[PDB]
Amino acid sequence: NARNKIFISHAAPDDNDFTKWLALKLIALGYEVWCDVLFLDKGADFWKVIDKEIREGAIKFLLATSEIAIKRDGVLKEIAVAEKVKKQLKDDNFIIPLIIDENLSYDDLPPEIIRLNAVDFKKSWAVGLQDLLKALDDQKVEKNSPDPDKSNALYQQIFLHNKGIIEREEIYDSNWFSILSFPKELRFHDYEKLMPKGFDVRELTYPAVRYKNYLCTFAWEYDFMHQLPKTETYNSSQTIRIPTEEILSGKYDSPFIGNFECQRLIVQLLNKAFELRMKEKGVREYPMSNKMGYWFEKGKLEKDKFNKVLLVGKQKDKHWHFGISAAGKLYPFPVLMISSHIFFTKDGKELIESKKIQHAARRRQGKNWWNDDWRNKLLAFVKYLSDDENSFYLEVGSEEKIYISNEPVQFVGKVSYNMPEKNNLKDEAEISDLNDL
Amino acid sequence: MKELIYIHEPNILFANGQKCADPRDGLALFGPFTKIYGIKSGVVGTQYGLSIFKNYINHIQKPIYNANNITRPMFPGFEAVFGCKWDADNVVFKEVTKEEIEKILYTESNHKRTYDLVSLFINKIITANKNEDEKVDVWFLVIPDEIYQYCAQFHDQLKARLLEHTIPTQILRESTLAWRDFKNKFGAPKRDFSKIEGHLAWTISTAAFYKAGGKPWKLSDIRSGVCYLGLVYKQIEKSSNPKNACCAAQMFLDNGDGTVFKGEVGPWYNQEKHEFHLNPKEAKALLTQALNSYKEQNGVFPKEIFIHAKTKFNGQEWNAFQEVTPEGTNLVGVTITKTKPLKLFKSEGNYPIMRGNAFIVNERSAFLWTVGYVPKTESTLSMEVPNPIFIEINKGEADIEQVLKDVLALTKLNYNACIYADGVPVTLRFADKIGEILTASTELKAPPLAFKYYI
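Rules of the game
Residues numbered from 1 in each chain as written, not as in the entry; some residues may be left out. Chains lettered and ligands numbered in written order. Heavy atoms only, no water. Axes fitted to C-alpha atoms, helices over the stretch in contact; angles between N-to-C directions. Helix = DSSP H or I, 4+ residues; strand = E, 2+ residues; numbered from the N terminus. Left-handed = near helix turned anticlockwise from the far one by under 90°. Contact = heavy atoms within 4.5 Å. Nonpolar A, V, L, I, M, F, W, Y, C, P; charged D, E, K, R; others polar. Pairing = 2+ DSSP bridges. Core = buried A, V, L, I, M, F, W, Y, C linked by side-chain atoms within 4.5 Å. Buried < 20%, exposed > 50% of the residue type's maximum accessible area, 1.4 Å probe, protein only. Salt bridge = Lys/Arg side-chain N within 4 Å of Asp/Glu carboxyl O. Polar contact = N/O pair within 3.5 Å; in protein donor to acceptor, adjacent residues only side chain to side chain. Domains from an automatic or database assignment. Disulfide = S-S within 2.5 Å.

K.L.:
Tell me about the packing of helix α7 (residues 154-163) of chain B against helix α14 (residues 431-440) of chain B, and please be specific about residues and values.
P.N.:
All names here are of chain B. Where α7 meets α14, the closest approach of the two axes is 8 Å, and the angle between their N-to-C directions is 65°. The element α7 and its partner α14 pack so that their crossing is right-handed. Here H155, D156, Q157, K159, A160 and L163 of α7 lie close against α14, whose contacting residues are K433, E436, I437 and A440. When the residues that make up the contact of α7 with α14 are grouped by side-chain class, the tally is 4 nonpolar, 2 polar and 4 charged.

Pasting the structure below:
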């Protein structure tokens, strides 16, 4: 009821930013302030409070003056009430227009406030502040000790009411796909003495890696006999066997080979197995520098869709295909880690040679796609990679296979955010494009 | 299930002890942590460029709104935000005549074009600095966007040849200040800053306020006596020994201003590992420089020192660094990578995972989402799925949660660009830039300078 809360009337959204700034600035000085922005629960009685306030608690009536806000009937309604009180208060300088519009013409001001003294913030907010502050002090307005603590409290509580985090569990999908089982034994073979010099281990049907004087694989002793006939004379006793579970647990260290060395070798075998399986799976290949990507041709899938998810489409005069690449990782958990790329083709079959065009189109198409697009496209591809309901397999041996689940490893968090009311993602993409330019 | 943890966003401190998480909001509401009396300007460009600068400076004195004022807050005004007048009246002007620029561009080799251009701007700034008593706080190089387009970059060589003389410098393009005046063949601006017009000013303003001796913000609740050092390596391309590589130390306290310590150009780059590794001698030299600078600034040796690196650490350089570390000083080696491919997708919504989420792999390694979705700005720092950075405690004993909190904390520090936050911590954010600055001129022996002379 005391006139200590300086009343600031303005257009709810048009003068919102200016008011919110001026309100908190004034508060920091210790000036008590009343405006609609400092308020959260405003319904259909707030005007009654606005009244009880303009008439009972207002040592001043500073009003943002703008063409848009001077056209608003509510603004004129507040003006009329403030005049009525100004006459009762005999303050005259009670109502203090704060002209904030460059193109505002003074004649458009209402005849009620056409002759009053107005602090100008059109030239600048800071310069208008000093003049506003000077007028307030000359009006001997009462102010408490400066408190930016109160302004900070008002800011976070009101300005960030529904812009924070919520303690709500969120389950996330990943690109890590769990590996359900491994072949029981990892076998090293002394094929060298029976292997032609200069032979390539990558050419081997099944995954096999050269290490020291040994060939490492999960395969049986007699599977490369087709490629290496001399292995028909190989002796099984020369083969060195390690239980793979002890390899995953890291409980096997031997003078023959270290745990880390054998784990890297298992990773290499896994990658080669995935490349071979993908070669078998009918997808096309994009030879990346470090890994190999796999993408669908146009018309290979049903309507270029799997699981009702578009994996092949058109961008301008280019055909984008969602491709994946895979790597292995034994720690922290045995997982195949699929990566997602977009590969472009002139017609859907011939990849565009220029890496620069590939990169530009990839960046643009990735800008277009949001969280769902990426997640659903990656899931669809692996769901298509499936050989049964729950997994697919990589052929490491004639009797030995590696089973990878087609559902990615999921991560649970204890915090989440609330979805925005307005989706401005396209504008954000355009703005980020300008940031690049 | 594979549980995650949330690292709460760290607040930054502003004027009057006010802690807020958004630099734009904090600067607009309370003002910078330390305020300067004013920003004396020096412009280094053509008359057209000078008019562009003056008009922009006069125009950012008046409120500039953003099309989206939730993702990017509007700029209240230079005087309204900072509290000092960046007037265009008190501005020294070095007028590069068009003839000088075109005559230099005539050169066939850009190496020379940039050098000759950088040389001209250096001379114009120095003569003005030394010969007169004009205490110009910041020298603004309003170079035509063309100069940047043609000129190995202008930024790095200019920053190095000013590093010689230790004077602050900010570079701007005519397009950046006056984008409306530059249009394509269709009557539209080459770059439409219409919806970010309020963002751009923010950036520029904060940059200027940093280079004129002001501290926009500083971290709020950092523990006492903690020093963050980020090694910066970059191989000299022209060196006969392909192992010759520059080194550098990036001392960051809670304040976030930063100090750069140059090191000796030596055979650090290992080609077969692709990892840079320095001998015990230079390790001891660099960490002695950092410790001595910290002691002379703060009066005591750090109680903890974290040497953030983009690669791994050997035993010898760590035992070297360890030899020059006082007992009380806990030397921690943290490797931060942005390569490991782990992507978390959200089950519902076109919006990605929140920033601050983290996967703790083990007691000494963890994934941290420094890129993500910010509820406050209702936007994302990257239009692509967030790629988490892998933080590993390579050497020394620490706590991984504290390391992740510190990494997020360091990321907030970014005066160069006003944004809720950045993806890389400041210790490694400008690692490549500072490296390029250093290899631009390695002969000059810089004393330990600050980022005000690097970024």
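There's more to say after this.
K.L.:
Let's hear about the sheet that holds strand β1 (residues 5-9) of chain A: which residues, and what values?
P.N.:
All names here are of chain A. Across the sheet, 5 strands lie side by side as β2-β1-β3-β4-β5; this open sheet has parallel pairing. At either end of the open sheet lies a strand with only one pairing partner, and these are β2 (32-34) and β5 (119-120). Pairing of β1 with strand β3 (residues 61-65) involves 3 bridges; the strand directions are parallel. Residue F7 lies in a different strand from β3, and its bridge partner there is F61. Helix α1 (residues 16-28) rests against β1, β2, β3 and β4 (95-99) of the sheet, and its axis sits at about 170° to β1.

K.L.:
Hey, could you go over the nonpolar core for me, with residue numbers and the actual values?
P.N.:
With 120 residues, the main nonpolar core has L22(A), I39(B), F53(B) and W86(B) as its most contacted residues. Beyond its immediate stretch of four places on either side in the chain, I39(B) contacts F78(B), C84(B), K85(B), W86(B), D137(B), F140(B), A208(B), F209(B) and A212(B). Core analysis: the second largest hydrophobic core is formed by 57 residues, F188(A), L269(A), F322(A) and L330(A) among them.

K.L.:
Please set out the interface of chain A and chain B residue by residue, giving values where relevant.
P.N.:
Every contact between the two is made by 67 residues of chain A and, on the other side, 59 residues of chain B. One salt bridge connects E170(A) with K346(B), and the closest N-O pair in it is separated by 3.2 Å. Linking chain A to chain B there are 25 residue pairs in polar contact. Its residues assigned to classes, the side of chain A that touches chain B comprises 33 nonpolar, 18 polar and 16 charged. Note that strand β6 (residues 170-174) of chain A and strand β20 (residues 344-346) of chain B share 3 bridges and pair antiparallel. Counted as the bridge partner of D173(A) is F345(B) from β20(B).

K.L.:
Give me the lowdown on the domain arrangement of chain A, citing residues and values where you can.
P.N.:
When its domains are assigned, chain A resolves into domain 1 (5-159) and domain 2 (176-183 + 205-217 + 267-430). Here the C-alpha centroids of domain 1 of chain A and domain 2 of chain A sit 59 Å apart.

K.L.:
Which residues make up the sheet that holds strand β21 (residues 411-413) of chain A, and what values go with them?
P.N.:
Two strands in a sheet stick together by hydrogen bonds in their backbones, pointing the same way (parallel) or opposite ways (antiparallel). Spatial ordering of the open sheet is given by β1(B)-β21(A)-β6(A)-β20(B), a layout of 4 strands whose pairing is mixed. Both edges of this open sheet fall to β1 (2-3) and β20 of chain B, since each of them pairs with a single strand only. Judged from the 3 bridges that link them, β6(A) and β21(A) form a sheet pairing that is antiparallel. If you follow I171(A) over to β21(A), its bridge partner there is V412(A). On top of the sheet, helix α10 (residues 371-385) of chain A reaches β6 of chain A together with β20 of chain B; it is set at about 115° to β20(B), its chief contact.

K.L.:
Describe the state of the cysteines, with residues and values.
P.N.:
Within this structure, the stated rule accounts for 0 disulfides over all chains. The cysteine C216(A) is free of any disulfide, with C262(A) supplying the nearest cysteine sulfur at 8.3 Å. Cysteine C247(B) shares no disulfide, and the gap to the nearest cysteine sulfur, in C246(B), comes to 8.8 Å. Residue class for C247(B) comes out buried when judged on its relative accessible area of 2%.

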